[PDB]
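Working notes for the structure below.
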Amino acid sequence: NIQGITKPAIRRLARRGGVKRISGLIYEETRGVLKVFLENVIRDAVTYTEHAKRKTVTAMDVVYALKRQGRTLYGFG
Amino acid sequence: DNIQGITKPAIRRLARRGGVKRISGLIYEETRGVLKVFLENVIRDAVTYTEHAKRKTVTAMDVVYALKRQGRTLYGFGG
Amino acid sequence: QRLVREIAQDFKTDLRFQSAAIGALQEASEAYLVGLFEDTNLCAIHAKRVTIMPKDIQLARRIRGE
Amino acid sequence: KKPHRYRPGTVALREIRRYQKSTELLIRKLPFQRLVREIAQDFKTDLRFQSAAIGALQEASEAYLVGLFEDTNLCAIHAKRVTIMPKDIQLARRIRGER
Amino acid sequence: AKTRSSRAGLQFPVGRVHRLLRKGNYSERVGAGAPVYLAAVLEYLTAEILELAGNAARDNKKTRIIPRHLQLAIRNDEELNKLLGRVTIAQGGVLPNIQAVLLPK
Amino acid sequence: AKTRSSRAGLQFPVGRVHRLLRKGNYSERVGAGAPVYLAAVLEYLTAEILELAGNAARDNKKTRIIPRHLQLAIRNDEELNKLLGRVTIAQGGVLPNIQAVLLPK
Amino acid sequence: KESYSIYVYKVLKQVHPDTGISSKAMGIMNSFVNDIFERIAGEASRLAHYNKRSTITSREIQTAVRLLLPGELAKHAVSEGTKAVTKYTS
Amino acid sequence: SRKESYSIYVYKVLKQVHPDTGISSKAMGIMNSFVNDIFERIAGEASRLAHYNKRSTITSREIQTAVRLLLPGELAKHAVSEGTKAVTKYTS
DNA sequence: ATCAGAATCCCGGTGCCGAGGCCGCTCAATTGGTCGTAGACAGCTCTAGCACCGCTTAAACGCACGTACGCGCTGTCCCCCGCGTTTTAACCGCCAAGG
DNA sequence: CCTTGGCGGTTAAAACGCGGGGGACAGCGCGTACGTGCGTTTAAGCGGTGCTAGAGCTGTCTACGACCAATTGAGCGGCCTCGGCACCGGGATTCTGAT
């Protein structure tokens, strides 16, 4: 499913990041990075979800996980 | 002008511990700037704590708290 | 959505997601990737290049403490 | 016989091994003490200091500078250089979110 | 009767802030002036951000402030930017900024 | 007088930990098992670090653990290094590490 | 569920009488207010603990503000806080 | 003016894992720093956990979840084992 | 290749001072008992999550292609390096001034 | 004879400089990767249609935790002793560079 994060999407992200030219090897690299990031957040998020004795990950679970990674997110409270 | 007390060879030693093999001549002054800023940020907070406690003596704990709130947690001085 | 649910299945099973949760994850993920690409770009330019390479990303992530 | 002369780099490498092996503070105590008291004097006057406070400040400062020099080194090497320059410190600190 | 906010000259709720302090597991007791002070600070910061963001909204020929305007306001202000250096504003995007070396000419 | 630490099979002080929880303003109430659990975790972590640091101390033909040994232990262990990624160990120095490109060619 | 929406809106009407705000932007401002609340209250809590005081007062709030806020924001916020406490007290 | 610290407990643990090994005063100071740090981390996270879920009581479950959030991987699993075993034994 | 010379590692030693051990107080950990409210367990619900599908098309995938940026090879001056040379801060140390 | 204030003497750490050697920079040349575009395709998105799992909510019962006397011994403060090793003296190893 990692391949669902396509090349042009990554190019769009890089463009927003101000990148003018992109190596072919970037995309796979990026996917790896993305995967890791997600694994780190979701893990913590789910932990919160299970502490609340729930089976549904809420926006707040995610927010708390991000917050605890020092990746504070505004707009989903 | 005590920032100059942080000499070229001291900075060279620090860089060596940091694994640096070769050093541009402009590095030292640069380093002095950086360190200066660093100290200003920590000491400021430290003094703030000292002032909050109505003390005239900066304690090790004040420094430790400043470092902690700056995300620079320091071990070994809680005693 | 698919990727998130897939990764999540490996931590805890029969999970359900609020749509806002997935949305939060996507805003966070994309913001992170964009910032990373800014830093990556700075590394490439530092090496007198205009083209970002995996090497640049790895430097950026190493200095970030990632 | 011309007297002995190590080639540029050899003694540098030797120093790297030496100081990475040890843990002693690399900045002179008294001048660091002066610097700290000067800077602190600029926030609040007639301050005193526990000796452990200054020691804490020096340990923290040197650990910080050393780490910074690691990252700086990586930045220099990335640009195919062996010599760290201000651009490498500035890049490292920018990516750190210090600037 | 008149409110702890009316008397303090504030818009932000002094009572609410006080209650949140009491139940926030911060201290065993909470002083009378603490929630007034805190409410004042929060209101001030809110006012500064809404000021700048309102300016951006007017610049975009809009009457409603959107997250983009908040992002522009915060990132183009040095101290607000430092204060929120580790914060992600959803749908805020980024500041337009291209590294000079990338310019074609 | 049998203690809570003795009952829990621990070396770390359950009573002290409980008191610190109570007076640390963390919650209005504290369950009986919480300080036991916490004391156990703290004890375990202490054990892992002392294990590795002792190993490092013996590697240097040393019988007394010094801060250097703690640094070696923490930094050569991936998960401890993660746990203490933002921590400075006074008098710990750094891991010996020279970039390959810097070595003679 | 409570939020700062009405107070944020009142402030907005003070600084820009003819300007509104989207729902998302209001949710970001709520996030902001809660965030700064936690930073300041947390720091004040630690300040109180370090000094073995059981009461958080306006003095802890002020010191916490000086620790957390940069430069001009700190000065102005401190001014507003003290001013509000003085007015409330009167 | 009596001062409390974790020194004797750290020393007991040390004697458990390395019977013939000692420790400098500075290293002991670093260990005390460590224990206080992790306590404040775990307790803080557990406090937040209790608050998020509208609970007035910090229990071993809050402590456990906090341990899972704060510690990485195997360290977390092992810590969880130690904690759970200690609580189960204590109650009995 | 090949040898002379400097830096490095290793073998007695040594005494010393700080950590380990110990002895004497005492308050904080432990014990027992009593309120009580927040916590533990069972049920209603209906809301939002989830499974399945018709219609649409622009984003996604496969291929042409040529050049401009990435990479290999080379000339170069200059930019730090190693070691001798001073160069400078600091702790005495004794003789001269004064009573 | 006693008290106090200079200019040397010695330790120890640090800029100047002089030769000097190699390395980033710029240039030239070569290679091929991918942006731009064109031809072909299908799965995400819109919009429905239907099915249902369990968290919010409510209610009911309760027991472990907060709080308050009594109790006491390991925790804590103040000393006492002795061996591991930082440094020192001295010889064997080993790069290291010019030949």
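Residues in the structure tokens are numbered from 1 in each chain, the chains being A, B, ... in the order shown, and ligands are numbered from 1 in the order shown.
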Running DSSP on the backbone, which parts of chain D land in helix (DSSP H, G or I), as a ChimeraX atom specification? /D:10-21,29-41,51-78,86-96
Please report as number ranges by chain which residues of chain D come no farther than 10 Å from chain I, using only C-alpha atoms (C1' of nucleotides). D: 3-12, 83
Output the selection as an mmCIF file, in the first residue's frame - C-alpha atoms for each residue.
data_model
loop_
_atom_site.group_PDB
_atom_site.id
_atom_site.type_symbol
_atom_site.label_atom_id
_atom_site.label_comp_id
_atom_site.auth_asym_id
_atom_site.auth_seq_id
_atom_site.Cartn_x
_atom_site.Cartn_y
_atom_site.Cartn_z
ATOM 1 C CA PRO D 3 64.154 16.874 11.720
ATOM 2 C CA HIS D 4 60.990 14.818 12.001
ATOM 3 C CA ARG D 5 57.706 16.211 10.601
ATOM 4 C CA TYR D 6 54.253 14.558 10.589
ATOM 5 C CA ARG D 7 52.139 15.333 7.544
ATOM 6 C CA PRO D 8 49.146 17.679 8.031
ATOM 7 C CA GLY D 9 46.261 15.589 9.344
ATOM 8 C CA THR D 10 48.200 12.916 11.226
ATOM 9 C CA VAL D 11 48.427 14.891 14.459
ATOM 10 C CA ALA D 12 44.834 16.058 13.938
ATOM 11 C CA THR D 83 37.374 21.423 6.501
#
Sorted by chain and rising residue number, which residues of region 4-77 of chain H lie within 10 Å of region 91-105 of chain F, and what are their closest atom pairs and distances in Å to one decimal, counting only C-alpha atoms, as CSV?
residue,atom,partner,partner_atom,distance
H:26,CA,F:91,CA,8.8
H:27,CA,F:91,CA,9.1
H:30,CA,F:91,CA,9.9
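If you count only C-alpha atoms (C1' of nucleotides) and ignore residues fewer than 6 places along the chain from region 82-89 of chain F, what sits within 8 Å of it is residues 71, 72, 73, 74, 75 and 76 of chain B; 60 and 63 of chain D; 67, 70, 71 and 74 of chain F; 30, 70, 71 and 72 of chain H.
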Those same residues, written as a CSV table (one decimal), in the first residue's frame with N, CA, C and O atoms?
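Written file, again_35.csv:
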chain,number,residue,atom,x,y,z
B,71,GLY,N,15.0,21.9,26.7
B,71,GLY,CA,15.2,20.6,26.1
B,71,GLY,C,16.6,20.1,26.1
B,71,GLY,O,17.0,19.4,25.2
B,72,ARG,N,17.4,20.6,27.1
B,72,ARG,CA,18.8,20.2,27.2
B,72,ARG,C,19.0,19.5,28.5
B,72,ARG,O,20.0,19.9,29.3
B,73,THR,N,18.2,18.5,28.8
B,73,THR,CA,18.3,17.8,30.1
B,73,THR,C,19.7,17.4,30.5
B,73,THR,O,20.4,16.8,29.8
B,74,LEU,N,20.1,17.8,31.7
B,74,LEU,CA,21.4,17.5,32.2
B,74,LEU,C,21.4,16.6,33.5
B,74,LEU,O,20.7,16.8,34.4
B,75,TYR,N,22.2,15.5,33.4
B,75,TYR,CA,22.3,14.6,34.5
B,75,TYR,C,23.5,14.8,35.3
B,75,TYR,O,24.6,15.1,34.8
B,76,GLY,N,23.4,14.7,36.7
B,76,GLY,CA,24.6,14.7,37.5
B,76,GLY,C,24.7,15.8,38.5
B,76,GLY,O,25.7,15.9,39.2
D,60,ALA,N,27.2,21.4,30.2
D,60,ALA,CA,26.2,21.5,29.2
D,60,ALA,C,26.7,22.2,28.0
D,60,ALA,O,26.4,21.8,26.8
D,63,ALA,N,29.1,19.9,26.0
D,63,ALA,CA,28.4,18.8,25.3
D,63,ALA,C,27.6,19.4,24.1
D,63,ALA,O,27.7,18.7,23.0
F,67,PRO,N,30.9,8.0,35.3
F,67,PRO,CA,30.0,8.5,34.3
F,67,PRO,C,30.3,8.1,32.8
F,67,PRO,O,29.4,7.9,32.0
F,70,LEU,N,28.7,4.9,32.1
F,70,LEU,CA,27.2,5.2,31.9
F,70,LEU,C,27.0,5.7,30.4
F,70,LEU,O,26.0,5.2,29.8
F,71,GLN,N,27.9,6.5,30.0
F,71,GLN,CA,27.7,7.1,28.6
F,71,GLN,C,28.0,6.0,27.6
F,71,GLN,O,27.2,5.8,26.6
F,74,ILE,N,24.9,3.7,27.6
F,74,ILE,CA,23.7,4.3,27.0
F,74,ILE,C,23.8,4.4,25.5
F,74,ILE,O,22.9,4.0,24.8
H,30,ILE,N,24.4,10.8,38.7
H,30,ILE,CA,23.8,10.7,37.4
H,30,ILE,C,22.6,9.7,37.4
H,30,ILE,O,21.6,9.9,36.8
H,70,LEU,N,6.2,6.1,26.6
H,70,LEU,CA,7.5,6.7,26.8
H,70,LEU,C,8.7,5.9,26.4
H,70,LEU,O,9.7,6.4,25.9
H,71,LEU,N,8.6,4.6,26.7
H,71,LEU,CA,9.8,3.7,26.4
H,71,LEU,C,9.7,3.0,25.1
H,71,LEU,O,8.6,2.7,24.6
H,72,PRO,N,10.8,2.8,24.4
H,72,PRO,CA,10.8,2.1,23.1
H,72,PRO,C,10.9,0.6,23.2
H,72,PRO,O,11.6,0.0,24.0
Quick one: everything within 10 Å of residue 11 (chain B), counting only C-alpha atoms (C1' of nucleotides), minus sequence neighbours fewer than 3 positions away in the same chain. Send it as a PyMOL selection string. (chain B and resi 6-8+14-17+23+27-29+31-32) or (chain D and resi 26-27+62+65-66+69)
For residue 78 (chain G), work out the shell of residues within 12 Å, counting only C-alpha atoms (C1' of nucleotides) and skipping chain neighbours fewer than 2 positions away, then give it as a PyMOL selection string. (chain E and resi 36-42+44-45) or (chain G and resi 58-76+80-85)
Emit the selected residues as a short mmCIF file (atom, residue, chain, number, x, y, z; two decimals), in the first residue's frame, including N, CA, C and O atoms.
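So selection_3.cif came out as:
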data_model
loop_
_atom_site.label_atom_id
_atom_site.label_comp_id
_atom_site.auth_asym_id
_atom_site.auth_seq_id
_atom_site.Cartn_x
_atom_site.Cartn_y
_atom_site.Cartn_z
N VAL E 36 -6.96 35.80 36.55
CA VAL E 36 -7.09 37.11 35.93
C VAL E 36 -5.89 37.37 35.03
O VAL E 36 -6.03 37.72 33.85
N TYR E 37 -4.70 37.18 35.60
CA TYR E 37 -3.45 37.36 34.87
C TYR E 37 -3.40 36.47 33.63
O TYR E 37 -3.15 36.94 32.52
N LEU E 38 -3.64 35.17 33.84
CA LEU E 38 -3.59 34.20 32.76
C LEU E 38 -4.58 34.52 31.65
O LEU E 38 -4.23 34.49 30.46
N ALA E 39 -5.81 34.85 32.03
CA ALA E 39 -6.84 35.20 31.06
C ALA E 39 -6.41 36.42 30.25
O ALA E 39 -6.59 36.46 29.04
N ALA E 40 -5.82 37.39 30.94
CA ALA E 40 -5.33 38.59 30.28
C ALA E 40 -4.25 38.26 29.25
O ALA E 40 -4.26 38.80 28.14
N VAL E 41 -3.33 37.38 29.62
CA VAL E 41 -2.24 37.00 28.72
C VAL E 41 -2.79 36.30 27.47
O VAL E 41 -2.41 36.63 26.34
N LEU E 42 -3.70 35.35 27.69
CA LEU E 42 -4.30 34.60 26.59
C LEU E 42 -5.06 35.53 25.64
O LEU E 42 -4.94 35.42 24.41
N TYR E 44 -4.52 38.73 25.25
CA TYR E 44 -3.53 39.55 24.55
C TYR E 44 -2.94 38.84 23.33
O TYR E 44 -2.87 39.40 22.23
N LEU E 45 -2.51 37.60 23.54
CA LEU E 45 -1.89 36.84 22.46
C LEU E 45 -2.89 36.61 21.32
O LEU E 45 -2.56 36.80 20.13
N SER G 58 -0.44 34.91 40.82
CA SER G 58 -0.14 35.71 39.64
C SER G 58 1.37 35.86 39.42
O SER G 58 1.82 36.12 38.31
N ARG G 59 2.14 35.68 40.49
CA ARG G 59 3.58 35.80 40.40
C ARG G 59 4.20 34.63 39.63
O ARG G 59 5.08 34.82 38.79
N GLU G 60 3.73 33.42 39.92
CA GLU G 60 4.11 32.24 39.15
C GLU G 60 3.69 32.38 37.69
O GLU G 60 4.44 32.01 36.79
N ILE G 61 2.49 32.90 37.47
CA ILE G 61 2.00 33.10 36.11
C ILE G 61 2.93 34.04 35.36
O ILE G 61 3.30 33.79 34.22
N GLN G 62 3.33 35.12 36.03
CA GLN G 62 4.21 36.12 35.43
C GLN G 62 5.59 35.54 35.10
O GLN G 62 6.09 35.71 33.98
N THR G 63 6.19 34.86 36.07
CA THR G 63 7.50 34.25 35.85
C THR G 63 7.43 33.24 34.70
O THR G 63 8.31 33.22 33.83
N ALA G 64 6.38 32.43 34.70
CA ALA G 64 6.16 31.45 33.64
C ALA G 64 6.06 32.12 32.28
O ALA G 64 6.63 31.63 31.30
N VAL G 65 5.35 33.24 32.22
CA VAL G 65 5.25 34.02 30.99
C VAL G 65 6.61 34.51 30.54
O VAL G 65 6.93 34.47 29.35
N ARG G 66 7.44 34.94 31.49
CA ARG G 66 8.76 35.44 31.14
C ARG G 66 9.64 34.30 30.61
O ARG G 66 10.45 34.50 29.71
N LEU G 67 9.46 33.10 31.15
CA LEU G 67 10.19 31.92 30.68
C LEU G 67 9.75 31.46 29.29
O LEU G 67 10.57 31.09 28.45
N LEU G 68 8.44 31.44 29.06
CA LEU G 68 7.86 30.88 27.85
C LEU G 68 7.79 31.82 26.65
O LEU G 68 7.93 31.39 25.51
N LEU G 69 7.56 33.10 26.90
CA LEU G 69 7.35 34.04 25.80
C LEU G 69 8.63 34.75 25.41
O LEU G 69 9.46 35.06 26.27
N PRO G 70 8.82 35.00 24.11
CA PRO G 70 10.00 35.69 23.60
C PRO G 70 9.87 37.22 23.62
O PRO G 70 8.85 37.74 23.19
N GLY G 71 10.90 37.89 24.12
CA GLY G 71 11.06 39.33 23.94
C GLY G 71 9.88 40.24 24.20
O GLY G 71 9.36 40.32 25.31
N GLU G 72 9.47 40.94 23.14
CA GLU G 72 8.38 41.92 23.21
C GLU G 72 7.05 41.31 23.64
O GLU G 72 6.28 41.95 24.37
N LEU G 73 6.78 40.09 23.19
CA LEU G 73 5.55 39.40 23.58
C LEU G 73 5.50 39.22 25.08
O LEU G 73 4.46 39.38 25.70
N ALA G 74 6.65 38.90 25.67
CA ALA G 74 6.75 38.71 27.10
C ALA G 74 6.47 40.01 27.85
O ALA G 74 5.70 40.02 28.81
N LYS G 75 7.08 41.10 27.39
CA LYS G 75 6.92 42.39 28.04
C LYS G 75 5.46 42.84 28.00
O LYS G 75 4.89 43.23 29.02
N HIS G 76 4.86 42.75 26.82
CA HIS G 76 3.49 43.20 26.64
C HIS G 76 2.49 42.32 27.38
O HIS G 76 1.57 42.83 28.01
N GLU G 80 -0.07 43.47 30.31
CA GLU G 80 -1.51 43.20 30.29
C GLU G 80 -1.97 42.42 31.51
O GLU G 80 -3.02 42.71 32.07
N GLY G 81 -1.20 41.42 31.92
CA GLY G 81 -1.54 40.64 33.09
C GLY G 81 -1.59 41.50 34.34
O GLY G 81 -2.60 41.49 35.06
N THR G 82 -0.52 42.24 34.59
CA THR G 82 -0.43 43.08 35.78
C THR G 82 -1.54 44.12 35.78
O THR G 82 -2.17 44.40 36.80
N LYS G 83 -1.77 44.70 34.61
CA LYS G 83 -2.81 45.71 34.41
C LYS G 83 -4.20 45.16 34.72
O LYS G 83 -5.00 45.80 35.41
N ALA G 84 -4.47 43.95 34.25
CA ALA G 84 -5.74 43.28 34.49
C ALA G 84 -5.93 42.96 35.96
O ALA G 84 -7.03 43.10 36.50
N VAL G 85 -4.87 42.51 36.62
CA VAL G 85 -4.95 42.17 38.03
C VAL G 85 -5.20 43.43 38.86
O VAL G 85 -6.01 43.42 39.79
#
Non-local contacts of region 54-66 of chain I (10 Å; only C-alpha atoms (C1' of nucleotides); under 4 positions in same chain excluded) as a list in words: residues 6, 7 and 8 of chain A; 36, 37, 38, 39, 40, 41, 42, 43, 44, 45, 46, 47 and 48 of chain J
Residues from last step as file, N, CA and C atoms (P, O5', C5', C4', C3', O3' and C1' of nucleotides), as an mmCIF file, in the first residue's frame:
data_model
loop_
_atom_site.group_PDB
_atom_site.id
_atom_site.type_symbol
_atom_site.label_atom_id
_atom_site.label_comp_id
_atom_site.auth_asym_id
_atom_site.auth_seq_id
_atom_site.Cartn_x
_atom_site.Cartn_y
_atom_site.Cartn_z
ATOM 1 N N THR A 6 1.980 7.959 -4.525
ATOM 2 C CA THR A 6 2.592 7.968 -5.845
ATOM 3 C C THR A 6 3.686 9.012 -6.014
ATOM 4 N N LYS A 7 4.443 8.844 -7.092
ATOM 5 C CA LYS A 7 5.483 9.780 -7.500
ATOM 6 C C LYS A 7 5.008 11.236 -7.640
ATOM 7 N N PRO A 8 3.897 11.489 -8.364
ATOM 8 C CA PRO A 8 3.522 12.906 -8.503
ATOM 9 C C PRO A 8 3.091 13.562 -7.188
ATOM 10 P P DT J 36 9.378 20.273 -17.234
ATOM 11 O "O5'" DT J 36 8.685 20.028 -18.655
ATOM 12 C "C5'" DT J 36 9.441 20.200 -19.846
ATOM 13 C "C4'" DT J 36 8.774 19.505 -21.017
ATOM 14 C "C3'" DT J 36 7.242 19.544 -21.006
ATOM 15 O "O3'" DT J 36 6.767 20.335 -22.089
ATOM 16 C "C1'" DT J 36 8.089 17.392 -21.626
ATOM 17 P P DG J 37 5.190 20.492 -22.353
ATOM 18 O "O5'" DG J 37 4.840 19.264 -23.317
ATOM 19 C "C5'" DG J 37 5.648 19.013 -24.460
ATOM 20 C "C4'" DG J 37 5.371 17.635 -25.031
ATOM 21 C "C3'" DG J 37 3.888 17.312 -25.251
ATOM 22 O "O3'" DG J 37 3.612 17.204 -26.642
ATOM 23 C "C1'" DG J 37 5.090 15.471 -24.305
ATOM 24 P P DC J 38 2.093 17.077 -27.155
ATOM 25 O "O5'" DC J 38 1.880 15.502 -27.340
ATOM 26 C "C5'" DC J 38 2.644 14.791 -28.308
ATOM 27 C "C4'" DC J 38 2.316 13.308 -28.280
ATOM 28 C "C3'" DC J 38 0.821 12.971 -28.336
ATOM 29 O "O3'" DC J 38 0.586 11.942 -29.292
ATOM 30 C "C1'" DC J 38 1.832 11.883 -26.504
ATOM 31 P P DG J 39 -0.912 11.600 -29.764
ATOM 32 O "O5'" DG J 39 -1.182 10.140 -29.164
ATOM 33 C "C5'" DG J 39 -0.456 9.022 -29.664
ATOM 34 C "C4'" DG J 39 -0.684 7.794 -28.799
ATOM 35 C "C3'" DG J 39 -2.152 7.412 -28.585
ATOM 36 O "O3'" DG J 39 -2.327 6.010 -28.754
ATOM 37 C "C1'" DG J 39 -1.064 7.648 -26.499
ATOM 38 P P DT J 40 -3.797 5.363 -28.690
ATOM 39 O "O5'" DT J 40 -3.891 4.769 -27.207
ATOM 40 C "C5'" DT J 40 -3.016 3.719 -26.811
ATOM 41 C "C4'" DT J 40 -3.302 3.273 -25.386
ATOM 42 C "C3'" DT J 40 -4.776 3.018 -25.061
ATOM 43 O "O3'" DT J 40 -4.902 1.773 -24.379
ATOM 44 C "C1'" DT J 40 -3.834 4.494 -23.470
ATOM 45 P P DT J 41 -6.344 1.205 -23.955
ATOM 46 O "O5'" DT J 41 -6.357 1.367 -22.365
ATOM 47 C "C5'" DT J 41 -5.289 0.827 -21.593
ATOM 48 C "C4'" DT J 41 -5.444 1.173 -20.122
ATOM 49 C "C3'" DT J 41 -6.854 0.995 -19.559
ATOM 50 O "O3'" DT J 41 -6.777 0.454 -18.252
ATOM 51 C "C1'" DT J 41 -6.131 3.193 -19.180
ATOM 52 P P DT J 42 -7.659 -0.825 -17.847
ATOM 53 O "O5'" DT J 42 -7.856 -0.658 -16.269
ATOM 54 C "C5'" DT J 42 -6.750 -0.294 -15.454
ATOM 55 C "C4'" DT J 42 -7.157 0.743 -14.420
ATOM 56 C "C3'" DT J 42 -8.481 0.460 -13.710
ATOM 57 O "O3'" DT J 42 -8.359 0.754 -12.327
ATOM 58 C "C1'" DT J 42 -8.549 2.598 -14.690
ATOM 59 P P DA J 43 -8.068 -0.422 -11.271
ATOM 60 O "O5'" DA J 43 -7.796 0.356 -9.900
ATOM 61 C "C5'" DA J 43 -6.777 1.348 -9.837
ATOM 62 C "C4'" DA J 43 -7.335 2.674 -9.343
ATOM 63 C "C3'" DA J 43 -8.236 2.588 -8.113
ATOM 64 O "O3'" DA J 43 -8.050 3.744 -7.309
ATOM 65 C "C1'" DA J 43 -9.445 3.535 -9.882
ATOM 66 P P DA J 44 -8.207 3.659 -5.714
ATOM 67 O "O5'" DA J 44 -8.555 5.161 -5.285
ATOM 68 C "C5'" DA J 44 -7.620 6.206 -5.535
ATOM 69 C "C4'" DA J 44 -8.332 7.529 -5.784
ATOM 70 C "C3'" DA J 44 -9.319 7.951 -4.702
ATOM 71 O "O3'" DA J 44 -9.258 9.359 -4.509
ATOM 72 C "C1'" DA J 44 -10.463 7.679 -6.770
ATOM 73 P P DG J 45 -10.109 10.051 -3.334
ATOM 74 O "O5'" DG J 45 -11.395 10.628 -4.090
ATOM 75 C "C5'" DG J 45 -11.231 11.555 -5.155
ATOM 76 C "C4'" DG J 45 -12.567 11.907 -5.785
ATOM 77 C "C3'" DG J 45 -13.702 12.191 -4.796
ATOM 78 O "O3'" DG J 45 -14.410 13.356 -5.209
ATOM 79 C "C1'" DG J 45 -14.378 10.552 -6.349
ATOM 80 P P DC J 46 -15.417 14.107 -4.208
ATOM 81 O "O5'" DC J 46 -16.766 14.222 -5.060
ATOM 82 C "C5'" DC J 46 -17.116 13.180 -5.960
ATOM 83 C "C4'" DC J 46 -18.509 13.385 -6.519
ATOM 84 C "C3'" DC J 46 -19.572 13.697 -5.482
ATOM 85 O "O3'" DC J 46 -20.656 14.386 -6.087
ATOM 86 C "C1'" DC J 46 -19.867 11.483 -6.302
ATOM 87 P P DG J 47 -21.913 14.854 -5.202
ATOM 88 O "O5'" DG J 47 -22.897 13.595 -5.241
ATOM 89 C "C5'" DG J 47 -23.291 13.045 -6.492
ATOM 90 C "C4'" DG J 47 -24.023 11.730 -6.299
ATOM 91 C "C3'" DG J 47 -24.998 11.694 -5.112
ATOM 92 O "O3'" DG J 47 -26.291 11.298 -5.554
ATOM 93 C "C1'" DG J 47 -23.622 9.775 -5.136
ATOM 94 P P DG J 48 -27.604 11.827 -4.790
ATOM 95 O "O5'" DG J 48 -28.345 10.486 -4.323
ATOM 96 C "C5'" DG J 48 -27.691 9.581 -3.442
ATOM 97 C "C4'" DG J 48 -27.748 8.164 -3.982
ATOM 98 C "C3'" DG J 48 -28.655 7.212 -3.201
ATOM 99 O "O3'" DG J 48 -29.417 6.414 -4.097
ATOM 100 C "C1'" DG J 48 -26.462 6.327 -3.306
#
If the cut-off is 8 Å, can you tell me the residues of chain B near chain D, counting only C-alpha atoms? I'd like them as JSON, numbers by chain. {"B": [2, 3, 5, 6, 10, 11, 13, 14, 15, 16, 17, 18, 19, 20, 21, 22, 23, 24, 26, 27, 30, 35, 38, 39, 40, 43, 44, 47, 56, 57, 58, 59, 60, 61, 62, 63, 64, 72, 74, 77]}
For chain D versus chain E, which residues have an atom no more than 12 Å away, and what is each residue's nearest atom pair and distance in Å rounded to one decimal, using only C-alpha atoms, chain-then-number order, as a Markdown table?
| residue | atom | partner | partner_atom | distance |
| --- | --- | --- | --- | --- |
| D:96 | CA | E:85 | CA | 11.7 |
| D:97 | CA | E:85 | CA | 8.3 |
| D:98 | CA | E:82 | CA | 10.0 |
| D:99 | CA | E:82 | CA | 9.7 |
Can you work out which residues from chain G touch chain A at a cut-off of 7 Å (counting only C-alpha atoms) and hand them back as a PyMOL selection string? chain G and resi 24+27-28+31-32
Report as a ChimeraX atom specification all protein, DNA and RNA residues lying within 7 Å of residue 13 (chain A), evaluated on only C-alpha atoms (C1' of nucleotides), omitting residues in the same chain fewer than 3 positions from it. /A:9-10,16-17 /C:33-34
Export, as a PDB file, in the first residue's frame, the selected residues with C-alpha atoms.
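Below is the file out03.pdb, written as the result:
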ATOM      1  CA  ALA A   9       2.210  13.301  -4.938  1.00  0.00           C
ATOM      2  CA  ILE A  10       5.766  13.241  -3.622  1.00  0.00           C
ATOM      3  CA  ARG A  16       5.679  22.885  -1.641  1.00  0.00           C
ATOM      4  CA  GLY A  17       9.013  22.355   0.106  1.00  0.00           C
TER       5      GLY A  17
ATOM      6  CA  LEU C  33       7.268  15.666   4.598  1.00  0.00           C
ATOM      7  CA  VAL C  34       7.165  19.255   3.315  1.00  0.00           C
TER       8      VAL C  34
END
Using only C-alpha atoms (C1' of nucleotides), select each residue of chain I with any atom at most 10 Å away from an atom of chain H, and give the selection as a PyMOL selection string. chain I and resi 18-20+27+38-39
Identify all chain E residues at most 9 Å from chain G by counting only C-alpha atoms; ligands do not count. Present them as JSON, numbers by chain. {"E": [4, 5, 6, 7, 8, 9, 10, 11, 12, 13, 17, 21, 24, 25, 26, 27, 28, 29, 30, 31, 32, 33, 34, 35, 36, 37, 38, 39, 40, 41, 42, 43, 44, 45, 46, 47, 48, 49, 50, 51, 54, 55, 57, 58, 62, 63, 64, 65, 66, 67, 68, 69, 70, 79, 80, 82, 83, 89, 90, 91]}
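Of note, CA of residue 58 (chain H) and CA of residue 12 (chain H) are spaced 28.1 Å apart.
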